[PDB]
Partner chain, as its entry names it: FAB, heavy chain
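As a starting point, one isolated chain is supplied in structure tokens, in the form deposited without its partner chain.
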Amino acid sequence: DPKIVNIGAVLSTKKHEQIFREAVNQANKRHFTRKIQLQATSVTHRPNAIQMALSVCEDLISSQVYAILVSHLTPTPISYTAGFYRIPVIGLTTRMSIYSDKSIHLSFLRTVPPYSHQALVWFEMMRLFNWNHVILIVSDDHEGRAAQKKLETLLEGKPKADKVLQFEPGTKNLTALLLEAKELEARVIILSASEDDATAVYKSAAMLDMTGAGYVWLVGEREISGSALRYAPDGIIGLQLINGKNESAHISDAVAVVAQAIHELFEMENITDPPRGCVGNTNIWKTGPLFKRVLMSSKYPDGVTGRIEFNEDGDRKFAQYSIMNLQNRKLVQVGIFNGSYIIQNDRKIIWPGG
């Protein structure tokens, strides 16, 4: 009879809890579970960040989980709590670039890429259409400035190529910025904001003839999130990330990789179990650092979401986005981005103003 190791998960529906209970099992069949054998403990999101974080303790740490998969708050409870103990957390659908900061979420892994990586496409796009002077409008928050960095880093290869206008999140009238942008006199414009905030830029730019011919509107995914298209200038270009919303498809592959890697861990001597309680324990789980090292160095082909590699920060190394052009009221897809290079669709781009 074998060692029983747990995997936790905070899951969006009770159904997903079953897809995860089963995933752990197909892994407990594909292995060969005689020394260690996995076991799946999971919760549903509690809506309150404290209720949530207590649960991580009582419902999941109590079961000595080696990792927790995640799907009024975002995963900050599951990360502040388990991250204390250094139990690796794996976010399945979290796109926010905040979680890519080692300083704040040091035991954190995610199967989707952060929004900031849309910059990669924004870059290779400019290379394709030889855009050498762009104006970058960014929410002055971590997510916006997150995007500003990755794009600017990308421009170092040879920051004069982008002029940057930031704005206070939640601002209502944005003409002041925009008229400053109109004085700055550029044709290409990259945006980083939320649905509600991009909406406001979308409006104020309509009041100033910045929605029309000559301009290009380059953009991410929240920026054409729902409710935001009613006001976005015709000829915008946005991005949606391929299969980035499938909590089920991601539960599949994560468990595969945690499984591969929980097994990977036991080739080592001097292995220790994470704490049982939260109560009483105020020292890191000793192996949890090494475990994190393992997951990161794990690569997985034939994963249902694609090949699951991991970069220096524990994001998904490569990612594909369906590029999107808005025309009249239909969001045609003029091309995909294959993680490396762009590939155009048969449909051609309809710029702002034909």
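Numbering follows the first chain given and starts at 1. Basically, rigid core = biggest C-alpha set you can superpose within 1.5 Å across the two forms.
Below, we turn to the form solved in complex with its partner chain, even though it does not appear here.
Put simply, residue 55 is close to its partner chain in the deposited bound form: some heavy atom of it is within 4.5 Å. When contacts are judged by a 4.5 Å heavy atom cut-off, residue 330 does not count as touching its partner chain in the deposited bound form. Residue contact with its partner chain in the deposited bound form: residue 46 places a heavy atom within 4.5 Å of it. Among heavy atoms of residue 26, none comes within 4.5 Å of its partner chain in the deposited bound form. Taking 320, 298, 41, 64 one by one, only a single residue has any non-hydrogen atom within 4.5 Å of its partner chain in the deposited bound form, and it is 41. With the core held fixed between the shown form and the other one, residue 182 has its Cα displaced by at least 2 Å.
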